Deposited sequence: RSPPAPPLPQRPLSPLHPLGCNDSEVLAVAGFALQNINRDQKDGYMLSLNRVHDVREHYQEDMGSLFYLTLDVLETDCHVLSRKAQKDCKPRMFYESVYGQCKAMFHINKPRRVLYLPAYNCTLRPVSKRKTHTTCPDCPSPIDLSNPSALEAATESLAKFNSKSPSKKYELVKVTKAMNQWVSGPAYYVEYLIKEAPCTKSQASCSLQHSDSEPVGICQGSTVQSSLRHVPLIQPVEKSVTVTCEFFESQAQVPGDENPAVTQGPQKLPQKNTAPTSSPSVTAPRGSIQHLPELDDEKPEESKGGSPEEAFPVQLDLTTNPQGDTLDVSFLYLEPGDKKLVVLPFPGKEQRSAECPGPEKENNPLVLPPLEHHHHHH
């Protein structure tokens, strides 16, 4: 819109604010895996001269192998390898006010898809393959791996919560690799306490390892309402990952009260517009991709 000024997707301020917004998104999640920033696809800034700025960000993201509940650092979590890749886009409306040292993510939304199995097969026909999380063999691997893990826990026993990842490959026979969350068995409540990796091969041979969540803080404070949705593969560009982020459908613009961020009690209102479309985009957008390793890139 008229007050929405486009910015270059490679600008330091833009990339820093994008990092803040994405770590806020990750903190706001309690399901799935931590997202990683590949680049800023587009960015518009609404400057408001004492209420700071509001950035309308379009982000190209990749799923890592860290579960969000691990709360690990962005630098201990790398994008998944290409045959199990999950990618898409997030839109975020991020508010920053430098003189007052205020950060806030009033709204976001992400749309992700797993990489097309056809493209994977084209580039690596013998690679491991993701499978449905409800696959009987995946559920069996989870069950038996957790059974073994409990067998070697004298006092504490754990129960399955949900399979979060499943994969099939050939290791001198059919093999299934799964990840799943575990909770403490009633003996404390029914909340995820860790994530386990389970495996079956070939009368099956079983392996199991578990990681328990610990506390973890970084340059990002709060992240209200938003959602991450997972759509199916592309059977076969722009609008491959449709994302709606409309706090207001009013071209006039609405006002959002953010007084809780500032020391004074009242009269701190932020102008919000409908999220800007792809036209009037800076020639420096989209920015340069950070992942150039084809071992982690989607086609």
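Gaps without C-alpha coordinates occur at 1 to 12, 200 to 210, 226 to 237, 252 to 277, 298 to 307, 371 to 378, with positions taken along the deposited sequence from 1.
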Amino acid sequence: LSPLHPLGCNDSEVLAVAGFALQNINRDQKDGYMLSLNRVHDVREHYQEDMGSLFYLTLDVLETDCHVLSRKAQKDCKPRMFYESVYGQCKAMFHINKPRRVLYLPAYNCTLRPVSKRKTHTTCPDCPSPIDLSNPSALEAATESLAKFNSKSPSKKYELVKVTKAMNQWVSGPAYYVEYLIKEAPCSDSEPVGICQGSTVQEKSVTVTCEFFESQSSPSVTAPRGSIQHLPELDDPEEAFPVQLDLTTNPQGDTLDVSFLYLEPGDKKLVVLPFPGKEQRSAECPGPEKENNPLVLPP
From here on, numbers count along this sequence of modelled residues.
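The deposited model assigns a higher average Cα B-factor to 152 to 160 than to the other stretch when 152 to 160 and 74 to 82 are compared. The mean Cα B-factor in the deposited entry runs higher for 224 to 232 than for the other of 169 to 177 and 224 to 232. Comparing the listed residues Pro265, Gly32, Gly52, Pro242, the entry records the largest Cα B-factor for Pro265. Ranking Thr248, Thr58, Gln48, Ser36 by Cα temperature factor from the entry places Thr248 first. The deposited CA B-factor of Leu7 belongs to the lowest third of values across its chain.
Among all modelled residues in its chain, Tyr104 ranks in the middle third by Cα B-factor. When the modelled residues of the chain are ordered by C-alpha B-factor, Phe94 sits in the lowest third. In the deposited entry, the Cα temperature factor of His67 places it in the lowest third of its chain's modelled residues. When the modelled residues of the chain are ordered by C-alpha B-factor, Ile131 sits in the lowest third.
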